[PDB]
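Below is one structure, written out as structure tokens, with a few remarks after it.
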Protein chains: 2
Amino acid sequence: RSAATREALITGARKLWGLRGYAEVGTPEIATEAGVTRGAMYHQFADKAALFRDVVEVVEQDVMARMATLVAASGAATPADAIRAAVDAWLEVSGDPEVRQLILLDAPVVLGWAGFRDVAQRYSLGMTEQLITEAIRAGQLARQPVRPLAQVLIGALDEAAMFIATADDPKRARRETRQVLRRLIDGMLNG
Amino acid sequence: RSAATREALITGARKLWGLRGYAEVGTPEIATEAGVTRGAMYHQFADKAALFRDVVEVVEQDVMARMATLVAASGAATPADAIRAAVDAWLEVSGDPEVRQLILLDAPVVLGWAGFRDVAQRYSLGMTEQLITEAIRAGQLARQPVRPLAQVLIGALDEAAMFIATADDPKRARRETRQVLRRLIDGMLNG
Ligand SMILES: O=C(CCC(F)(F)F)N1CCC2(CC1)CC(c1ccccc1)=NO2
Ligand SMILES: O=C(CCC(F)(F)F)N1CCC2(CC1)CC(c1ccccc1)=NO2
């Protein structure tokens with residue numbers, strides 16, 4: 001009931017901000033797109049940023065599900081290959097124009113640096129730790145504490161995507177950044 | 001005269017916000033600390049955040065000077081060694097409680113994402129590109145476009161420092177993150 005109003009607001013905001021950016025669409029337009037009144041919207045979300053926070057949750061969940069799907073489909077036969085495929089999967093999902101606009105461009109502004117990292121952490125860490133733990137167990141990555149490596153890799157990957165997202169030639173940035181990420185990955189991976 | 005008032009406000013704000021955080025010290029207390037009136041302060045800085053921006057400039061300049069000093073003192077004889085020493089120097093300068101409070105914690109909040117990145121870029125990028133260009137010229141790092149590598153390393157290094165700054169056991173986080181960065185560096189450096 002209130003749940004339905006929330007879902008419709010989230011879906012509408014996600015679509016519209018996905019196309020034009022956070023800064024460019026006001027809450028009244030989103031309400032109308034969702035078919036709810038300003039009163040019903042304000043009951044669910046005190047302000048714009050509160051709606052954005054729930055939009056980021058749904059988008060990041062879908063980012064993580066899409067990553068798992070691409071890693072499972074990549075045909076990686078070793079943990080090392082799976083790490084390589086995960087890097088490609090992120091460059092692929094981060095290039096989706098909605099993910100680019102909402103996560104790479106709008107979320108660092110609206111949530112701050114700490115808020116963005118918090119979101120990135122909660123969604124990304126588990127899978128990152130997992131892939132690391134598996135390469136280690138297979139002897140393909142030197143034995144280490146998992147959390148610090150995970151954190152650095154996440155920071156490097158999030159920054160890679162941002163650099164592609166704002167570059168004048170996205171196509172060249174993506175290719176050159178992929179090479180960079182490859183070398184950095186291949187420098188810690190054994191074989 | 002008013003120049004002196006500017007310097008004393010910057011020095012006082014830097015010290016006090018360094019110790020207690022931006023949010024915890026008001027402009028009246030900083031005026032008093034510097035021995036100047038509210039009207040002299042307001043003549044130099046329209047508001048609190050304007051003062052903070054100048055504080056960030058002097059602190060980031062000192063971050064960069066202290067990094068150059070640590071790299072020059074390491075006795076690095078090759079570009080590779082200089083990259084190794086620069087990584088250590090950043091973890092060391094990052095861990096200064098004033099740098100931690102003003103740059104890592106307060107600046108993202110007060111400046112906003114775009115403003116903070118802009119500042120971090122202007123102070124970091126030049127030196128990062130330089131050390132990369134030198135390792136390449138020496139044959140110690142594979143020939144590649146400089147900007148993408150620079151940006152990924154910056155993202156990894158900024159995230160390393162953030163993780164140390166907010167970790168439960170900062171001392172263990174620093175040591176383990178340093179090891180991680182060393183492996184990652186040693187994997188790409190030919191020498
Ligand atoms: O969802 C995010 C970031 C979301 C954001 F909100 F911060 F933007 N990802 C980046 C990190 C991951 C997941 C996707 C993990 C990963 C990986 C690759 C190789 C070895 C270990 C982990 N690649 O991408
Ligand atoms: O000032 C900042 C960051 C400011 C922040 F606002 F983002 F926090 N620095 C981080 C990156 C640098 C310089 C200092 C670059 C560097 C290095 C080391 C090895 C090879 C290449 C570059 N070490 O630290």
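Throughout, a chain's letter reflects where its sequence line sits, starting with A, and its residues are numbered from 1. For the numbers below, each heavy atom of this structure counts, side chains included, while hydrogens, waters and symmetry mates do not. Every number for a ligand or one of its atoms is a count from 1 in the order of the listing.
- Near B:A120, meaning under 4.0 Å from any of its heavy atoms, are these atoms of ligand 2: 5 (C), 6 (F), 7 (F).
- Counting the atoms of ligand 2 from 1 in the order shown, those under 4.0 Å from a heavy atom of B:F116 are 5 (C), 6 (F), 7 (F).
- Ionic pairing of A:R66 and A:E92 is not present here: no N-O contact between side-chain nitrogen and carboxylate oxygen is shorter than 4.0 angstrom.
- Under 4.0 Å from ligand 1, heavy atoms of A:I83 appear from its side chain as well as its backbone.
- A salt bridge links B:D88 with B:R178: the distance from a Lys NZ or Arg NE/NH1/NH2 to an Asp or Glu carboxylate oxygen falls below 4.0 Å.
- Ionic pairing of A:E60 and A:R122 is not present here: no N-O contact between side-chain nitrogen and carboxylate oxygen is shorter than 4.0 angstrom.
- With a heavy-atom cut-off of 4.0 Å, B:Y123 does not touch ligand 2 at all.
- Protein heavy atom closest to atom 17 (C) of ligand 2, with residue, atom name and distance, is B:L157 CD1, 3.5 Å.
- The pair A:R53-A:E57 does not count as a salt bridge, with every side-chain nitrogen at least 4.0 angstrom from each carboxylate oxygen.
- Looking at A:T128 next to ligand 1, no N or O pair under 3.5 Å apart turns up.
- Counting heavy atoms under 4.0 Å from ligand 2, residue B:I103 touches it through the side chain alone.
- Residue contact annotation: A:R117 has no non-hydrogen atom under 4.0 Å from ligand 1.
- No donor-acceptor contact under 3.5 angstrom links the side chains of B:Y42 and B:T27, judged on distance only.
- Applying the ring pair (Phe, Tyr, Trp, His ring centres under 6.0 Å) test to pairs two or more places apart or on separate chains, those with a residue in residues 50-75 of chain B are B:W17-B:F52, B:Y22-B:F52.
- Heavy-atom contacts of B:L104 reach the following atoms of ligand 2: 8 (F) (cutoff under 4.0 Å).
- In summary, the atoms of ligand 2 found under 4.0 Å from a heavy atom of B:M67, numbered by their order in the structure, are 23 (N), 24 (O).
- Counting the atoms of ligand 1 from 1 in the order shown, those under 4.0 Å from a heavy atom of A:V63 are 1 (O).
- Of all atoms in ligand 2, listed by their number and element, those nearer than 4.0 Å to a heavy atom of B:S124 are 1 (O), 2 (C), 3 (C), 9 (N).
- A donor atom on one side chain and an acceptor atom on the other are not found under 3.5 Å apart for A:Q179 and A:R183.
- Donor-acceptor pairing under 3.5 Å is recorded for the side chains of B:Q121 and B:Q151.
- Closest to atom 4 (C) of ligand 2 among all protein heavy atoms lies B:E60 OE2, 3.8 Å.
- Set against the non-hydrogen atoms of B:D158, the atoms of ligand 2 under 4.0 Å away are 3 (C), 5 (C), 7 (F), 8 (F), 10 (C).
- Note on A:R14 versus A:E98: salt bridge recorded, some NZ/NE/NH1/NH2 to OD/OE distance being below 4.0 Å.
- For ligand 2, the atoms closer than 4.0 angstrom to any heavy atom of B:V87 are 18 (C), 19 (C).
- A:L104 and B:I154 are assigned to two separate hydrophobic clusters, defined by single-linkage of ILVMFWY side chains at heavy-atom distances under 4.5 Å.
- There is no protein heavy atom less than 4.0 angstrom from atom 12 (C) of ligand 2.
- Because its NZ or CZ atom is not both nearer than 6.0 Å to the ring centre of B:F163 and within 45° of the ring axis, A:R117 does not count as a cation-pi partner of that residue.
- Residue contact check: B:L131 has heavy atoms under 4.0 Å from atoms 20 (C), 21 (C) of ligand 2.
- Ligand 2 has at least one atom lying under 4.0 Å from a heavy atom of B:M64.
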